[PDB]
Amino acid sequence: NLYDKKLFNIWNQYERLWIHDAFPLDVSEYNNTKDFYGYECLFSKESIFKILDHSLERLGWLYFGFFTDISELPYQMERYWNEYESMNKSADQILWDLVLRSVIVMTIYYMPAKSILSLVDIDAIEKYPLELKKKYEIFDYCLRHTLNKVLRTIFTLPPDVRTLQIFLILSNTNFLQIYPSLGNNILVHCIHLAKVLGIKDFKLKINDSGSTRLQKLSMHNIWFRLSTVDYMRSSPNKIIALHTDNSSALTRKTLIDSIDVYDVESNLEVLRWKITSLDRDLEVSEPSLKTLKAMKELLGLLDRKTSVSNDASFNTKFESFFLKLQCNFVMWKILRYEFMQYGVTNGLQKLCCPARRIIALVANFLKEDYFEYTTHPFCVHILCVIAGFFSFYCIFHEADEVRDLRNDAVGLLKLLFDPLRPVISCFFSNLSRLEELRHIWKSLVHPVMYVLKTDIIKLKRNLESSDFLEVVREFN
Amino acid sequence: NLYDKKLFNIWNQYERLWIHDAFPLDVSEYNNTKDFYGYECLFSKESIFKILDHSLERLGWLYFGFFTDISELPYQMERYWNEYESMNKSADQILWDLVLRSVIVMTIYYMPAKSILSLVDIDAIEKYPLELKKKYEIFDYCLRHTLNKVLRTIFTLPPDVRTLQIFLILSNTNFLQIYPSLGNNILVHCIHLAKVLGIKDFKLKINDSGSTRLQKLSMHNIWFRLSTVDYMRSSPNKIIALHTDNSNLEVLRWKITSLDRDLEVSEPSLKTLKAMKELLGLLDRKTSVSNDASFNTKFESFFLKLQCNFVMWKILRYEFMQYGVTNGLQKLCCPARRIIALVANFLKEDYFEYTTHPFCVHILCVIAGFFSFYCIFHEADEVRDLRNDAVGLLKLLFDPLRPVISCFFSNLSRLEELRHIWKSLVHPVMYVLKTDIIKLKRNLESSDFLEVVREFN
Amino acid sequence: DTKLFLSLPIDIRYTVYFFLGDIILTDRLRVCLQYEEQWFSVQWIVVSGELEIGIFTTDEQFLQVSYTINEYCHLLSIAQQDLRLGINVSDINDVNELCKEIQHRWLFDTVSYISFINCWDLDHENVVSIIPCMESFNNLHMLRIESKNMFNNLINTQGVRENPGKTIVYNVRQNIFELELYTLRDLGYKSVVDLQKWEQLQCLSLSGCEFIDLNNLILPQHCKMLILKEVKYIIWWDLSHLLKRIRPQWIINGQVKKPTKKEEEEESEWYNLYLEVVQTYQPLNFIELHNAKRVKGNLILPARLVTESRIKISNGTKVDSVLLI
Amino acid sequence: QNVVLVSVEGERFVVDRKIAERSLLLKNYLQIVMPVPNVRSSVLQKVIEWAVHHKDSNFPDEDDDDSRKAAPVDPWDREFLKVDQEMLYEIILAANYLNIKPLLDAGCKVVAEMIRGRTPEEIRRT
């Protein structure tokens, strides 16, 4: 019980250190890189318009949240293509070029394979470096070309809002979980641009124009999305952050630039930041129990408000899927905290129910031939932590319930996922090591908890028959 | 006199907005631009080693302050040359290459023209694009090539200390007042690297070895120099900062800067100012303890005495502006004369190159500003003479910072016409200054005839 | 029984003890401390010159028992367990000064809450003792007030004076994020309620009065949490001009909206109206009412907040003019 | 409509649907058989006995704590709960397991009445 609480705390640090887990160091390798974009190059303008049409059909959510007007995008595109035809520079045109490139790449990542494979040209495969493996390879080749272009034009430029959009367009991708130091540095730059431009001044004023309203709305959406990622990608490799400039929605009793919420607006980015703030106040700040009671009330209320939204089209399904996923995940974390630190009754089964809920949701979204929508990396992080804890309390404690749930999650994630190869492979391998630890502990200051103490010590220092027990330690 | 105090506050805002005043767009125009380093390219390694000898002789100050060991630099240099000669990669080799390049460019900035002009190869001048003008042009081409190299390679590499060394080695240059926004962003990245590595842990602990002490000393000096620049270069284009986590004489420089901060940002008292001024006198005692025996020492003590008297000028100004004690005009003029005696010594000794540090120019800019202000509003031939000396000096001497001083000079000449106006009470001249700050603020994102002459200017 | 009661989790026992607002008592005070000590007010006291820790009712603080520090700190984990204080006819000056000097000398000064249950005169040595003494009393954010005479003669800063030891140091007025007050008849009837000096406040509590108007109330920044408990009828903000602004072009079910982007006249009017509405409630985001039985002032509100639990009324339901935006 | 409920012993008791949709856990679990771990037969039997006696009855809210502590202890319930401590605790446990609050609150009311209407000889035993 108290031993249990201690090893639960150790699991907390172990999941942090789990989760804080090629690029050429020098841009001139990509100096003479051809394209993916030109008229003869790869992707055939007519097809590219279709890609954008697919994007607006399915994935409005992101950039619909950011920008003001969106017929702008085909307008700018056709202008760009006409100008490129006439040419056979400036700030605005280069920026919009990068915007369309990024938007495209997001759309590639959330396309199906067969579609793009039919779309793409032929002979340039012979020119270039070379199923889903072709998709993710050509995606990567596209991304690194984009990143060459953008790094150069990032630094040598004035500050404009559009750079932020690029990064936010790209963040919903494997990017940050494949190129993380880069992502942290560019994130710091984007934070500096945020506090430059006064985009905290979405604070709406009297008798402004509708255009002005839309501008402030865009800033508002940007702000809260950025607070989301700045929390979510806040490993100790980064220390600068912006999520402190918002405030918790919790209404604590125990306590100018600092924003308060509930005084502004209700666009669902608000709701996502509220959920993430509840996660924040769970993790880093004062854990109570009355606090958790209030959080649980508030979050059930918010899931009601979520499910009030109705089924009409792909984007709406996607958004409400993502929110309900978030809410059940956070409830699971809360109830984990309860059942671990204080052990109030029935919480294990009441915790198991949301997990079943999540797994039914993703199975449904597979069955509808929307597997591509599943691959938002937040979902992957969720399944990662779930499999971790379920493995942990499966090896320490017995429940065919938990075995079944863990087996569903691991067989799911194993059989399916190409793209996130390094993360998943590291996770599955060290997970298998923990399965060997199951066989060990089946074969109380235990040596196994001492081994995990050694593992956290190894990881913290990696930031910068006990003979046989050490032998299996060598073995794994 | 109360009107004087209010107009002094207006002048505070106006000097603030003074100090809050081609490079391409896509790093690809410079994709294949020539070097200035190879064996046959421009600069002939044997000459480069002499450049380094001049550097270590005269200008140890900076990088003696930073690194652990400095024989490493010729060592790494010759290692790269051997590797270069064998080659006809990694992180370490690229950073040490960039280090030596930046070191060199600083040395170029603090070299006389004739020697370097004798050192440069001839037919490579004929290859390349083209007195001090030739010197500053080749300097700019060096800088921009180095910047090309570093911009790509900054984002794609782990956080290592040597990046910081690059930026601080390059800060002592025209760079950060000709390409400011660029400098602010790279500064922000360096700040991020600073808070990463825990270099606020220069708290020297017990049983630390010599290497650990030298590491913490390097860390100590670097962090405080970085905070120094971060205060001094803190216009509204940057808002993230490390000059708030505060409250060996790098410490003293930061102390002086913090006193300047407390002056500019926060509470005007007089007991506080008295204690601050006393403390600065104590630090002047500690300053003049440093005996003169070598060039870098003269340079250091020059800059320290310059900082101290500059801050004293600001403090005593703030007193005389806010609370108006008598005789302060003379007691303010004397430090300026002291400053000018120092720079006079460094001209007369043929150390004019050392004078070209931009902080000195920023100092003289603000001094000439306030002196012109109180000359136009009040009469004292002392202040006129000192201002005339400053502007004649500054025009006669300063070529690299050409746009800013010229802009200031042109607007300064415009302000001389304002003297005739005032020489021709919510006065129209102070209303014109209200209009001028409003013009600046809206840029940042017989009153008929007065507006007519305004339209003329 | 006892151990059968104690073989049980915390929530069941919590609700049991809630209904009952000694090992019984030790678990009672564990869990009441664990969640919230709204039930029992718990503070320091001395008898015979010997200190103890006494535990009281909340309304007027009739004692139940007291116990020793070492007893309590063997019962629990010793710490700087943050705690309360309240001055009475029992607790005035010398006991207050004795506790002050003893907390300096024998011990340390861990206590936060201060209470003014008696001593409506601003006099008879309690204020005189305590106003010098707050400097070594530093954990706090929190205070209780009783009389409108004390509030008028201490707090409502329209009556500025020059009595330095009679009134607070204002560094303490910075460090008072929370507030509590009770026990008067007519706060806002033609009153002078204005509290801009009362800065770095973040939560107010009111209970047990007979009248209020909110137009008289003017406030600092940073304070949005309002707790208010059972009173008589209230004069809410009038909003009568803003009622006059309205048309029935849009009104549905107690809510309104312009969907038409084209109607920039009415859309802009809508946003003007909404922003006026929040400007009435500008430094505020949270209201709690127990049953106060009447509100007079033509309620029109935002829908963001009532869709959540911000505007948290009990069933003091003698009102009809309710509406949302 | 009706739904089956497994006493973990194995007893497949059955209730009308909506009379169980009074419950909250069940109302969410559906939204026909359901398990009931760690619950016994007569336990659930008396649970449903209260559930069927209290169907059309009003229950204020889960927040009106004053009206909650406004405490009319129902006489049917009061005599119905004239049982031992262990079965009673099991009832209360399963009530917590099901989020059915008024029964739970009444159980806590009567336990409060026990440990209020006390003797010091209860303490002199201690």
# chains A, B, ... in the order shown; residues from 1 in each chain; ligands from 1

call {"tool": "select_by_dssp", "arguments": {"residues": "region 1-124 of chain D", "states": "strand (DSSP E)", "output": "PyMOL selection string"}}
result
chain D and resi 2-7+11-16+33-36

call {"tool": "interface_residues", "arguments": {"of": "chain A", "to": "chain D", "cutoff": "9 Å", "atoms": "only C-alpha atoms", "output": "PyMOL selection string"}}
result
chain A and resi 345-346+350+353

call {"tool": "write_last_selection", "arguments": {"atoms": "N, CA, C and O atoms", "output": "PDB file, in the first residue's frame"}}
result
ATOM      1  N   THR A 345     -12.097   3.307  -3.181  1.00  0.00           N
ATOM      2  CA  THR A 345     -12.584   2.018  -3.637  1.00  0.00           C
ATOM      3  C   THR A 345     -13.112   2.075  -5.060  1.00  0.00           C
ATOM      4  O   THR A 345     -13.550   3.121  -5.543  1.00  0.00           O
ATOM      5  N   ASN A 346     -13.032   0.925  -5.738  1.00  0.00           N
ATOM      6  CA  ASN A 346     -13.626   0.676  -7.053  1.00  0.00           C
ATOM      7  C   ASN A 346     -12.953   1.430  -8.200  1.00  0.00           C
ATOM      8  O   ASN A 346     -13.354   1.288  -9.369  1.00  0.00           O
ATOM      9  N   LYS A 350     -13.456   1.470 -12.386  1.00  0.00           N
ATOM     10  CA  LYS A 350     -13.948   2.728 -12.916  1.00  0.00           C
ATOM     11  C   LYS A 350     -12.928   3.421 -13.804  1.00  0.00           C
ATOM     12  O   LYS A 350     -13.314   4.222 -14.658  1.00  0.00           O
ATOM     13  N   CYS A 353     -12.908   1.476 -17.329  1.00  0.00           N
ATOM     14  CA  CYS A 353     -13.994   1.757 -18.272  1.00  0.00           C
ATOM     15  C   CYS A 353     -13.622   2.802 -19.324  1.00  0.00           C
ATOM     16  O   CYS A 353     -13.914   2.579 -20.515  1.00  0.00           O
TER      17      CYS A 353
END

call {"tool": "interface_residues", "arguments": {"of": "chain C", "to": "chain D", "cutoff": "8 Å", "atoms": "only C-alpha atoms", "output": "JSON, numbers by chain"}}
result
{"C": [1, 12, 15, 16, 17, 19, 20, 22, 314]}

call {"tool": "select_by_dssp", "arguments": {"residues": "region 207-422 of chain A", "states": "alpha helix (DSSP H)", "output": "PDB file with C-alpha atoms, in the first residue's frame"}}
result
ATOM      1  CA  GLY A 210     -15.757  42.252 -38.396  1.00  0.00           C
ATOM      2  CA  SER A 211     -12.343  41.991 -40.000  1.00  0.00           C
ATOM      3  CA  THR A 212     -10.823  43.169 -36.750  1.00  0.00           C
ATOM      4  CA  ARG A 213     -12.901  40.591 -34.902  1.00  0.00           C
ATOM      5  CA  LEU A 214     -11.626  37.863 -37.170  1.00  0.00           C
ATOM      6  CA  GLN A 215      -8.062  39.032 -36.704  1.00  0.00           C
ATOM      7  CA  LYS A 216      -8.384  38.884 -32.943  1.00  0.00           C
ATOM      8  CA  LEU A 217     -10.051  35.493 -33.237  1.00  0.00           C
ATOM      9  CA  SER A 218      -7.136  34.220 -35.271  1.00  0.00           C
ATOM     10  CA  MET A 219      -4.715  35.453 -32.642  1.00  0.00           C
ATOM     11  CA  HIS A 220      -6.814  33.776 -29.968  1.00  0.00           C
ATOM     12  CA  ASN A 221      -6.799  30.414 -31.714  1.00  0.00           C
ATOM     13  CA  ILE A 222      -3.068  30.731 -32.277  1.00  0.00           C
ATOM     14  CA  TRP A 223      -2.399  31.592 -28.668  1.00  0.00           C
ATOM     15  CA  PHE A 224      -4.216  28.693 -27.167  1.00  0.00           C
ATOM     16  CA  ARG A 225      -2.851  26.154 -29.638  1.00  0.00           C
ATOM     17  CA  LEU A 226       0.621  27.382 -28.868  1.00  0.00           C
ATOM     18  CA  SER A 227       0.058  27.107 -25.165  1.00  0.00           C
ATOM     19  CA  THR A 228      -1.082  23.552 -25.818  1.00  0.00           C
ATOM     20  CA  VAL A 229       2.074  22.479 -27.579  1.00  0.00           C
ATOM     21  CA  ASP A 230       4.329  24.472 -25.290  1.00  0.00           C
ATOM     22  CA  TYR A 231       2.988  22.471 -22.411  1.00  0.00           C
ATOM     23  CA  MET A 232       2.962  19.232 -24.328  1.00  0.00           C
ATOM     24  CA  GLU A 269      -9.265  25.651 -28.661  1.00  0.00           C
ATOM     25  CA  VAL A 270     -10.248  27.210 -25.331  1.00  0.00           C
ATOM     26  CA  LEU A 271     -11.564  23.859 -24.276  1.00  0.00           C
ATOM     27  CA  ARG A 272      -8.412  22.052 -25.280  1.00  0.00           C
ATOM     28  CA  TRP A 273      -6.284  24.426 -23.284  1.00  0.00           C
ATOM     29  CA  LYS A 274      -8.629  24.005 -20.324  1.00  0.00           C
ATOM     30  CA  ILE A 275      -8.172  20.249 -20.476  1.00  0.00           C
ATOM     31  CA  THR A 276      -4.443  20.617 -20.726  1.00  0.00           C
ATOM     32  CA  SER A 277      -4.392  22.985 -17.768  1.00  0.00           C
ATOM     33  CA  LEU A 278      -6.170  20.367 -15.739  1.00  0.00           C
ATOM     34  CA  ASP A 279      -3.408  17.972 -16.732  1.00  0.00           C
ATOM     35  CA  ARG A 280      -0.834  20.586 -15.758  1.00  0.00           C
ATOM     36  CA  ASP A 281      -2.314  21.210 -12.335  1.00  0.00           C
ATOM     37  CA  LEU A 282      -2.454  17.458 -11.845  1.00  0.00           C
ATOM     38  CA  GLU A 283       1.166  16.889 -12.733  1.00  0.00           C
ATOM     39  CA  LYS A 290     -11.234  18.235  -3.241  1.00  0.00           C
ATOM     40  CA  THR A 291      -9.429  19.691  -6.226  1.00  0.00           C
ATOM     41  CA  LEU A 292      -9.882  16.399  -8.022  1.00  0.00           C
ATOM     42  CA  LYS A 293     -13.551  16.220  -7.121  1.00  0.00           C
ATOM     43  CA  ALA A 294     -14.066  19.628  -8.697  1.00  0.00           C
ATOM     44  CA  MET A 295     -11.974  18.691 -11.722  1.00  0.00           C
ATOM     45  CA  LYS A 296     -13.992  15.549 -12.242  1.00  0.00           C
ATOM     46  CA  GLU A 297     -17.281  17.456 -12.053  1.00  0.00           C
ATOM     47  CA  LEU A 298     -16.021  20.076 -14.463  1.00  0.00           C
ATOM     48  CA  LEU A 299     -14.719  17.506 -16.908  1.00  0.00           C
ATOM     49  CA  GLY A 300     -17.905  15.458 -16.988  1.00  0.00           C
ATOM     50  CA  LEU A 301     -19.677  18.737 -17.712  1.00  0.00           C
ATOM     51  CA  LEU A 302     -17.267  19.428 -20.524  1.00  0.00           C
ATOM     52  CA  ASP A 303     -17.712  15.984 -22.053  1.00  0.00           C
ATOM     53  CA  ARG A 304     -21.434  16.719 -22.050  1.00  0.00           C
ATOM     54  CA  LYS A 305     -20.713  19.950 -23.902  1.00  0.00           C
ATOM     55  CA  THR A 306     -18.521  18.007 -26.309  1.00  0.00           C
ATOM     56  CA  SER A 307     -21.110  15.339 -27.116  1.00  0.00           C
ATOM     57  CA  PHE A 314     -15.427  14.238 -41.410  1.00  0.00           C
ATOM     58  CA  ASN A 315     -13.854  17.234 -39.686  1.00  0.00           C
ATOM     59  CA  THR A 316     -16.523  17.335 -37.016  1.00  0.00           C
ATOM     60  CA  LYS A 317     -16.154  13.631 -36.271  1.00  0.00           C
ATOM     61  CA  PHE A 318     -12.415  14.173 -36.074  1.00  0.00           C
ATOM     62  CA  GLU A 319     -12.578  17.075 -33.675  1.00  0.00           C
ATOM     63  CA  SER A 320     -15.108  15.601 -31.278  1.00  0.00           C
ATOM     64  CA  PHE A 321     -13.165  12.338 -31.418  1.00  0.00           C
ATOM     65  CA  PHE A 322     -10.039  14.179 -30.387  1.00  0.00           C
ATOM     66  CA  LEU A 323     -11.719  16.035 -27.547  1.00  0.00           C
ATOM     67  CA  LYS A 324     -13.498  13.044 -26.061  1.00  0.00           C
ATOM     68  CA  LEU A 325     -10.228  11.153 -26.349  1.00  0.00           C
ATOM     69  CA  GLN A 326      -8.520  13.928 -24.383  1.00  0.00           C
ATOM     70  CA  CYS A 327     -11.212  13.973 -21.731  1.00  0.00           C
ATOM     71  CA  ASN A 328     -11.202  10.260 -21.072  1.00  0.00           C
ATOM     72  CA  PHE A 329      -7.405  10.321 -21.003  1.00  0.00           C
ATOM     73  CA  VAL A 330      -7.347  13.035 -18.396  1.00  0.00           C
ATOM     74  CA  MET A 331     -10.005  11.291 -16.338  1.00  0.00           C
ATOM     75  CA  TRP A 332      -7.825   8.201 -16.465  1.00  0.00           C
ATOM     76  CA  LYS A 333      -4.885  10.195 -15.170  1.00  0.00           C
ATOM     77  CA  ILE A 334      -6.973  11.643 -12.352  1.00  0.00           C
ATOM     78  CA  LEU A 335      -8.304   8.288 -11.320  1.00  0.00           C
ATOM     79  CA  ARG A 336      -4.827   6.831 -11.556  1.00  0.00           C
ATOM     80  CA  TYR A 337      -3.716   9.481  -9.111  1.00  0.00           C
ATOM     81  CA  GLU A 338      -6.587   8.639  -6.781  1.00  0.00           C
ATOM     82  CA  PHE A 339      -6.244   4.857  -6.819  1.00  0.00           C
ATOM     83  CA  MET A 340      -2.464   5.116  -6.469  1.00  0.00           C
ATOM     84  CA  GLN A 341      -1.961   7.763  -3.800  1.00  0.00           C
ATOM     85  CA  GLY A 347     -11.348   3.100  -8.876  1.00  0.00           C
ATOM     86  CA  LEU A 348      -9.496   0.426 -10.797  1.00  0.00           C
ATOM     87  CA  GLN A 349     -12.605  -0.789 -12.588  1.00  0.00           C
ATOM     88  CA  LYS A 350     -13.948   2.728 -12.916  1.00  0.00           C
ATOM     89  CA  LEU A 351     -10.576   3.596 -14.465  1.00  0.00           C
ATOM     90  CA  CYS A 352     -10.702   0.581 -16.759  1.00  0.00           C
ATOM     91  CA  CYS A 353     -13.994   1.757 -18.272  1.00  0.00           C
ATOM     92  CA  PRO A 354     -12.564   4.890 -20.008  1.00  0.00           C
ATOM     93  CA  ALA A 355      -9.758   2.813 -21.479  1.00  0.00           C
ATOM     94  CA  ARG A 356     -12.295   0.479 -23.043  1.00  0.00           C
ATOM     95  CA  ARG A 357     -14.056   3.643 -24.226  1.00  0.00           C
ATOM     96  CA  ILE A 358     -10.939   4.922 -25.994  1.00  0.00           C
ATOM     97  CA  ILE A 359     -10.205   1.588 -27.552  1.00  0.00           C
ATOM     98  CA  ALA A 360     -13.741   1.272 -28.872  1.00  0.00           C
ATOM     99  CA  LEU A 361     -13.395   4.760 -30.322  1.00  0.00           C
ATOM    100  CA  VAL A 362     -10.216   4.054 -32.243  1.00  0.00           C
ATOM    101  CA  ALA A 363     -11.559   0.701 -33.389  1.00  0.00           C
ATOM    102  CA  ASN A 364     -14.611   2.500 -34.747  1.00  0.00           C
ATOM    103  CA  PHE A 365     -12.427   5.005 -36.535  1.00  0.00           C
ATOM    104  CA  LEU A 366     -10.509   2.125 -38.070  1.00  0.00           C
ATOM    105  CA  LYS A 367     -13.679   0.383 -39.215  1.00  0.00           C
ATOM    106  CA  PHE A 371      -7.072   4.873 -40.152  1.00  0.00           C
ATOM    107  CA  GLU A 372      -5.167   7.932 -41.374  1.00  0.00           C
ATOM    108  CA  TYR A 373      -7.054  10.122 -38.885  1.00  0.00           C
ATOM    109  CA  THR A 374      -5.760   7.910 -36.094  1.00  0.00           C
ATOM    110  CA  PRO A 377       0.752  11.651 -32.425  1.00  0.00           C
ATOM    111  CA  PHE A 378      -1.141  12.649 -29.306  1.00  0.00           C
ATOM    112  CA  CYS A 379      -3.123   9.433 -29.690  1.00  0.00           C
ATOM    113  CA  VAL A 380       0.147   7.554 -29.878  1.00  0.00           C
ATOM    114  CA  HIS A 381       1.451   9.157 -26.703  1.00  0.00           C
ATOM    115  CA  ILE A 382      -1.823   8.174 -25.041  1.00  0.00           C
ATOM    116  CA  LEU A 383      -1.537   4.530 -26.031  1.00  0.00           C
ATOM    117  CA  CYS A 384       2.113   4.613 -24.987  1.00  0.00           C
ATOM    118  CA  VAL A 385       1.370   5.649 -21.419  1.00  0.00           C
ATOM    119  CA  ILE A 386      -1.604   3.303 -21.218  1.00  0.00           C
ATOM    120  CA  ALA A 387       0.447   0.313 -22.285  1.00  0.00           C
ATOM    121  CA  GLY A 388       3.138   1.352 -19.837  1.00  0.00           C
ATOM    122  CA  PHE A 389       0.921   1.514 -16.782  1.00  0.00           C
ATOM    123  CA  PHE A 390      -1.035  -1.555 -17.797  1.00  0.00           C
ATOM    124  CA  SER A 391       2.168  -3.529 -18.176  1.00  0.00           C
ATOM    125  CA  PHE A 392       3.322  -2.248 -14.777  1.00  0.00           C
ATOM    126  CA  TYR A 393       0.245  -3.125 -12.760  1.00  0.00           C
ATOM    127  CA  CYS A 394      -0.184  -6.338 -14.767  1.00  0.00           C
ATOM    128  CA  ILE A 395       3.204  -7.641 -13.712  1.00  0.00           C
ATOM    129  CA  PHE A 396       2.688  -6.507 -10.106  1.00  0.00           C
ATOM    130  CA  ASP A 400      -7.362 -10.843 -16.847  1.00  0.00           C
ATOM    131  CA  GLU A 401      -9.243  -7.595 -17.462  1.00  0.00           C
ATOM    132  CA  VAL A 402      -5.959  -5.696 -17.496  1.00  0.00           C
ATOM    133  CA  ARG A 403      -4.226  -8.435 -19.485  1.00  0.00           C
ATOM    134  CA  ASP A 404      -6.949  -8.287 -22.111  1.00  0.00           C
ATOM    135  CA  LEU A 405      -6.811  -4.505 -22.338  1.00  0.00           C
ATOM    136  CA  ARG A 406      -3.023  -4.409 -22.574  1.00  0.00           C
ATOM    137  CA  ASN A 407      -3.063  -7.206 -25.148  1.00  0.00           C
ATOM    138  CA  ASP A 408      -5.591  -5.335 -27.276  1.00  0.00           C
ATOM    139  CA  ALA A 409      -3.570  -2.120 -27.117  1.00  0.00           C
ATOM    140  CA  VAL A 410      -0.216  -3.723 -27.845  1.00  0.00           C
ATOM    141  CA  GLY A 411      -1.498  -5.938 -30.658  1.00  0.00           C
ATOM    142  CA  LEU A 412      -3.278  -2.915 -32.121  1.00  0.00           C
ATOM    143  CA  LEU A 413      -0.236  -0.690 -31.977  1.00  0.00           C
ATOM    144  CA  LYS A 414       2.186  -3.428 -33.059  1.00  0.00           C
ATOM    145  CA  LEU A 415       0.324  -4.707 -36.104  1.00  0.00           C
ATOM    146  CA  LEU A 416      -0.435  -1.257 -37.524  1.00  0.00           C
ATOM    147  CA  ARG A 421       9.409   3.396 -36.103  1.00  0.00           C
ATOM    148  CA  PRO A 422      12.068   4.673 -33.635  1.00  0.00           C
TER     149      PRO A 422
END

call {"tool": "interface_residues", "arguments": {"of": "chain A", "to": "chain B", "cutoff": "6 Å", "atoms": "only C-alpha atoms", "output": "PyMOL selection string"}}
result
chain A and resi 25-27+152-153+156+182

call {"tool": "write_last_selection", "arguments": {"atoms": "C-alpha atoms", "output": "CSV table (one decimal), in the first residue's frame"}}
result
chain,number,residue,atom,x,y,z
A,25,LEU,CA,23.7,18.7,-39.4
A,26,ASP,CA,24.5,20.8,-42.4
A,27,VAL,CA,22.1,22.4,-44.8
A,152,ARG,CA,17.0,29.7,-44.2
A,153,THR,CA,14.0,32.0,-44.7
A,156,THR,CA,16.9,36.0,-42.5
A,182,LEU,CA,15.1,21.3,-33.8

call {"tool": "residues_around", "arguments": {"residues": "residue 385 (chain B)", "least_positions_apart": "5", "cutoff": "12 Å", "atoms": "only C-alpha atoms", "output": "CSV table (one decimal) with C-alpha atoms, in the first residue's frame"}}
result
chain,number,residue,atom,x,y,z
B,333,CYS,CA,30.0,68.2,-17.3
B,336,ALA,CA,32.1,64.0,-19.6
B,337,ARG,CA,35.4,65.8,-19.8
B,368,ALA,CA,25.5,64.6,-27.5
B,371,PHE,CA,23.9,68.2,-24.4
B,372,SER,CA,22.2,69.5,-27.5
B,375,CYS,CA,22.1,73.7,-24.9
B,379,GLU,CA,22.8,78.6,-22.3
B,380,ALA,CA,26.3,77.4,-21.2
B,390,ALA,CA,31.8,65.3,-29.5
B,391,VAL,CA,30.1,65.9,-32.9
B,392,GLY,CA,33.3,67.0,-34.6
B,393,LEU,CA,35.1,64.0,-33.2

call {"tool": "interface_residues", "arguments": {"of": "chain C", "to": "chain A", "cutoff": "8 Å", "atoms": "only C-alpha atoms", "output": "list in words"}}
result
residues 9, 10, 11, 34, 35, 36, 177, 203, 222, 225, 264, 268, 271, 272, 275, 285, 304, 305 and 308 of chain C

call {"tool": "residues_around", "arguments": {"residues": "residue 52 (chain D)", "least_positions_apart": "5", "cutoff": "10 Å", "atoms": "only C-alpha atoms", "output": "VMD selection string"}}
result
chain D and resid 15 to 16 19 to 20 46 to 47

call {"tool": "residues_around", "arguments": {"residues": "residue 378 (chain B)", "least_positions_apart": "5", "cutoff": "12 Å", "atoms": "only C-alpha atoms", "output": "list in words"}}
result
residues 1, 4, 329, 370, 371, 372, 373, 383, 384, 419, 422 and 423 of chain B

call {"tool": "write_last_selection", "arguments": {"atoms": "C-alpha atoms", "output": "PDB file, in the first residue's frame"}}
result
ATOM      1  CA  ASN B   1      12.075  74.471 -13.485  1.00  0.00           C
ATOM      2  CA  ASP B   4      12.411  71.536 -17.023  1.00  0.00           C
ATOM      3  CA  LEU B 329      25.482  71.129 -14.430  1.00  0.00           C
ATOM      4  CA  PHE B 370      21.316  65.526 -23.902  1.00  0.00           C
ATOM      5  CA  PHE B 371      23.943  68.203 -24.380  1.00  0.00           C
ATOM      6  CA  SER B 372      22.224  69.491 -27.498  1.00  0.00           C
ATOM      7  CA  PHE B 373      18.901  69.390 -25.633  1.00  0.00           C
ATOM      8  CA  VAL B 383      28.077  72.370 -22.736  1.00  0.00           C
ATOM      9  CA  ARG B 384      28.168  73.842 -26.245  1.00  0.00           C
ATOM     10  CA  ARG B 419      17.450  75.922 -31.609  1.00  0.00           C
ATOM     11  CA  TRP B 422      13.250  78.323 -29.828  1.00  0.00           C
ATOM     12  CA  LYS B 423      15.706  81.195 -30.189  1.00  0.00           C
TER      13      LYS B 423
END

call {"tool": "residues_around", "arguments": {"residues": "residue 58 (chain B)", "least_positions_apart": "5", "cutoff": "12 Å", "atoms": "only C-alpha atoms", "output": "PyMOL selection string"}}
result
chain B and resi 51-53+63-64+106-107+110-111+293-300+351+353-354

call {"tool": "residues_around", "arguments": {"residues": "region 69-80 of chain B", "least_positions_apart": "5", "cutoff": "9 Å", "atoms": "only C-alpha atoms", "output": "MDAnalysis selection string"}}
result
chainID B and resid 49 52 63:64 85 93 96:97 99:100 214
